[PDB]
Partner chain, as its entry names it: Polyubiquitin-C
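One chain is shown next in structure tokens, namely the form solved without the partner chain.
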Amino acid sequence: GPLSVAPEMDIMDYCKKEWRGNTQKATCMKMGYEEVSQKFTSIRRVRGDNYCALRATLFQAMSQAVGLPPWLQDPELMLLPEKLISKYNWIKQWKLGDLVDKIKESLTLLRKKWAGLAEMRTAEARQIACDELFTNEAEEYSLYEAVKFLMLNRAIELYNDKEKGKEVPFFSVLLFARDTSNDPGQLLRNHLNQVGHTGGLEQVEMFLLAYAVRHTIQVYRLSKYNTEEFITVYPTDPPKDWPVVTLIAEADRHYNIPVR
């Protein structure tokens, strides 16, 4: 299919096309892109479907991959679908975009693709491969199923930790505080099953995504330009060794990718 992450273009050309006229909002958006442009020259427009946060994050992460992270090296990753689903039968309420075989296939694909990108000797080779992966075919959407599953797993771990009275990050308190997400099954039925289908990730879920793929997500939040949230980093205090991916969000809904 066609690319789902558009070829790059100059960031201020993009801004000039999108934000015309004299409103306060347009001016704030221009200021926001000007700030991004201090560090990045170009932007790739990410398909604005209900997977956009996952597509933006994963595209960035994979296109920058120079190694296979330990969490993807771990043999336990491939065993996780069987163990989780066997233990928590309610995971069978998973809405696809048996179940154990499907999720395992998706995780295997994620690992295989990531490992192949990491092996590549030129960054251009990596960009070519990574473009081909994000062409709106079954493989792309399989990656999202894997990432969603990792999000569920991390949420289960955090919930169980909280139950045992163990220290957890505060975002997880906020995640489970939502009346539609009080436990992992509610998270699955009311939030994760909707992702890619009827809605995208909420703020608190961007922290969950970051934890699930062990990447630090630095977001220019243009609707927050004249405030301290003009950039928000997910999580706030990650391990120093998590790679960093940078995104742009005009309105905390849709994410695009700055490049240099």
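Numbering follows the first chain given and starts at 1.
A.B. asks: Using what the record says, work out whether there is a hole in the model between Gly97 and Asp98 and how many deposited residues it spans (none, 1 to 3, 4 to 9, 10 or more).
C.D. replies: Missing in between: 4 to 9 residues.
A.B. asks: Once you work out the mean C-alpha B-factor for both 114-122 and 152-160 from the entry, which is higher?
C.D. replies: Taking the mean C-alpha B-factor of 152-160 and of 114-122, the larger value falls to 114-122.
A.B. asks: Looking at the deposited entry, does 209-217 or 192-200 carry the larger mean Cα B-factor?
C.D. replies: Per the PDB entry, the higher value belongs to 192-200.
A.B. asks: Specify which of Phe176, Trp90, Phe134, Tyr144 carries the largest Cα B factor in the deposited PDB entry.
C.D. replies: Of the candidates given, the C-alpha B-factor peaks at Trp90.
A.B. asks: Ranked by Cα temperature factor within the chain, is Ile248 in the lowest third, the middle third or the highest third?
C.D. replies: Lowest third, going by the recorded CA B-factors of the chain.
A.B. asks: Based on the entry's values, in what third of the chain does the Cα temperature factor of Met62 lie: lowest, middle or highest?
C.D. replies: According to the entry, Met62 has a C-alpha B-factor in the chain's middle third.
A.B. asks: Relative to the other modelled residues of the same chain, rank the CA B-factor of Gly1 and answer lowest, middle or highest third.
C.D. replies: Within its chain, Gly1 is a highest-third residue by C-alpha B-factor, going by the deposited values.
A.B. asks: Considering only modelled residues of the same chain, in which third does the CA B-factor of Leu107 rank: lowest, middle or highest?
C.D. replies: According to the entry, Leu107 has a C-alpha B-factor in the chain's lowest third.
Only in words, not in the display: the form solved in complex with the partner chain, which the text now covers.
A.B. asks: Would you check whether the partner chain, in the deposited bound form, lies within 4.5 angstroms of a non-hydrogen atom from each of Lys113, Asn136 and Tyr144?
C.D. replies: No, the whole trio is out of contact, none within 4.5 Å by any heavy atom.
A.B. asks: Which residue, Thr216, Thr232, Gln64, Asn193, is the contact with the partner chain in the deposited bound form, using a 4.5 Å heavy atom cutoff?
C.D. replies: Looking at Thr216, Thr232, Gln64, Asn193 one by one, just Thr232 meets the 4.5 Å heavy-atom criterion.
A.B. asks: Any chance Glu167 has a heavy atom within 4.5 Å of the partner chain in the deposited bound form?
C.D. replies: Close contact is absent here: in the deposited bound form, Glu167 is far from the partner chain, nothing within 4.5 Å, heavy atoms only.
A.B. asks: Whether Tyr211 contacts the partner chain in the deposited bound form should be assessed with a 4.5 Å heavy atom distance threshold; does it?
C.D. replies: No, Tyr211 sits far enough from the partner chain in the deposited bound form that none of its heavy atoms falls within 4.5 Å.
A.B. asks: Does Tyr220 make contact with the partner chain in the deposited bound form, using a 4.5 Å heavy atom cut-off?
C.D. replies: No, no contact at 4.5 Å.
A.B. asks: Is there any non-hydrogen atom of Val204 lying within 4.5 Å of the partner chain in the deposited bound form?
C.D. replies: Output for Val204 is yes: heavy atoms within 4.5 Å of the partner chain.
A.B. asks: Choose from 85-93, 70-78, 175-183, 151-159 the stretch whose residues reach within 4.5 Å of the partner chain in the deposited bound form, heavy atoms counted.
C.D. replies: Careful reading of the contacts points to 175-183.
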